[PDB]
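Inspection log for the structure reproduced underneath, given as structure tokens.
Every chain is numbered from 1 and lettered A, B, ... according to where its sequence line falls, protein lines coming before strand lines.
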Amino acid sequence: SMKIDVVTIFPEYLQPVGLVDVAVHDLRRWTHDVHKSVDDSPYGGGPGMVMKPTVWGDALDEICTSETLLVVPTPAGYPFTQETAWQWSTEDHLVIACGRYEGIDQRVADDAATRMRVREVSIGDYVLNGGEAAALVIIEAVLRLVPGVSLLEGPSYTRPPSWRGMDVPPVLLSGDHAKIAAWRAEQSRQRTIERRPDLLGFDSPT
Amino acid sequence: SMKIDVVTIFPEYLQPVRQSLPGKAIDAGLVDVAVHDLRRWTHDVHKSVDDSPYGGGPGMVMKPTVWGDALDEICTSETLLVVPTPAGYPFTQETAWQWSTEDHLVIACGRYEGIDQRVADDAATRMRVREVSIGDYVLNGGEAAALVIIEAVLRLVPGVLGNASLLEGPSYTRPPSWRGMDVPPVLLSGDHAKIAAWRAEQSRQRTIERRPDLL
Ligand SMILES: COc1cccc(Cn2ccc3ccc(-c4cc(N)[nH]n4)cc32)c1
Ligand SMILES: COc1cccc(Cn2ccc3ccc(-c4cc(N)[nH]n4)cc32)c1
């Protein structure tokens, strides 16, 4: 059984979501001023804004326990991989803190780490506008592994066997499991070399 | 302008990002994102979009005839067809930059075990097709990947999303002291050359600790 809490200033963005419950919380519910200002300019200068630690601290205080795995998406995170998804799949409680602006004051994660396990993670080498899309990716990747729910995949085909003058590879129609297993292995390793040579320990392109 | 068409059996999944589009950018015709239910192009009363894999195996494969009709209607020769897949080339910030000046992206979201390969192969004979992965994990389908790609691309298109190597280091804001933790004094020093050097060193350390692959 798993509980996932997502904290965000944009709850509605999380709407794309019995053994697991997922709850979404509006970070602004923990503000005290009438303007509900969650951000301010960075110490030391620079463009953009930083989310204040105070509002986050109060939210996480209420939502997290010492058992919680606090997940913080960030372009500067450790990589979130399939191995990470397997590791997190057996957790009782994930809390996903979604940043906006130019991110969250580092002290939020540092404070939380005195009380619970904290994981700053990146879902890939591109920049999002906030943590919400990363939260959706993480949730989907994790939940499909939850109990009771290498090489690149080769191409797949289904009916009809000829379409627009393009044939399904004859071996797949042959019913010869060994030859089919072999052809699929060759396709996979061929695809991995071309698209992801790093997975086989070769240099990346360009 | 950039037009993005997304084709999916779960059109509701793409609703958040339709919402996240500022009225100004739409009104200025800078961007238009449309979402299409794939079942609109099914042939049968059961609106079937999947069928068993040739050569056997687990799961199901999406039907080429349905996808072919969908893409025939939606794409032109000028379309960049984006097909999320765990077996794709890596989608990176470089990709996002390249795609940000495209006139027309069409994102084909698969489910089950993916789309019959002939769909992409046929499309590639008359338009640019890009099969891409957004990271080394497996999703249930292409929709979350489409959300990521749309966000990463559109935030690079001037004035669209409302937003305006080494890893970025830690950031701090008010208050100067919080739960026993002080903002690093250097940041309040007014020595901006020293601050830049401190930030550079933080970036170097973080990259070493978290992403040694970048070094
Ligand atoms: C914090 O440093 C940042 C620097 C510039 C922009 C942003 C935007 N932003 C805000 C919160 C946030 C959370 C996650 C992500 C993210 C993660 C991955 N893998 N890509 N993008 C991006 C986020 C942050
Ligand atoms: C096609 O090969 C597959 C093999 C096993 C499962 C699935 C699930 N699935 C279906 C359609 C689909 C589209 C994209 C993705 C995806 C992309 C990234 N980076 N992770 N996951 C996953 C998808 C597909």
A/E83 atom CD, neighbour heavy-atom count above 12 within 6.0 Å
no

Is it true that atom CD of B/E73 has more than 12 heavy atoms of other residues, nucleotides or ligands lying nearer than 6.0 Å?
yes

Heavy-atom cut-off 4.5 Å, strictly under: side chain, backbone, both or neither for [X] against chain A?
X      : answer
B/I149 : neither
B/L188 : side chain
B/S52  : backbone
B/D50  : neither
B/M62  : backbone
B/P176 : both
B/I195 : side chain
B/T65  : both

Under 4.5 Å from a heavy atom of chain B, the part of [X] involved:
X     : answer
A/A85 : neither
A/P47 : neither
A/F80 : both
A/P42 : both

Which of the residues [options] is involved in the greatest number of heavy-atom pairs with chain B at under 4.5 angstrom?
options                        : answer
A/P160, A/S174, A/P75          : A/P160
A/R164, A/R191, A/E194         : A/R164
A/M49, A/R107, A/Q106, A/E153  : A/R107
A/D61, A/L14, A/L199           : A/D61
A/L152, A/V137, A/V127, A/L136 : A/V127
A/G77, A/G154, A/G124, A/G48   : A/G77

What heavy-atom pair brings [X] and [Y] nearest, and what distance separates the two atoms?
X      : Y      : value
B/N140 : A/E140 : N-OE2, 2.6 Å
B/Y137 : A/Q82  : CA-OE1, 3.2 Å
A/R144 : B/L139 : NE-O, 3.6 Å
B/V61  : A/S156 : CG2-CB, 3.8 Å
B/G68  : A/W163 : CA-CZ2, 3.9 Å

Given the ring of A/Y43, does B/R174 sit roughly above its face, with NZ or CZ under 6.0 Å from the centre of the six-membered ring and within 45° of the axis?
yes

So do the side chains of [X] and [Y] get within less than 4.5 Å of each other, counting heavy atoms only?
X      : Y      : answer
A/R196 : B/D136 : yes
B/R210 : A/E120 : yes
A/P53  : B/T173 : yes
B/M181 : A/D105 : no

Based on non-hydrogen pairs under 4.5 Å, which of B/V153, B/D191, B/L187 is most in contact with chain A?
B/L187

Do you know which of B/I115, B/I134, B/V119 has the most heavy-atom pairs under 4.5 Å to chain A?
B/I134

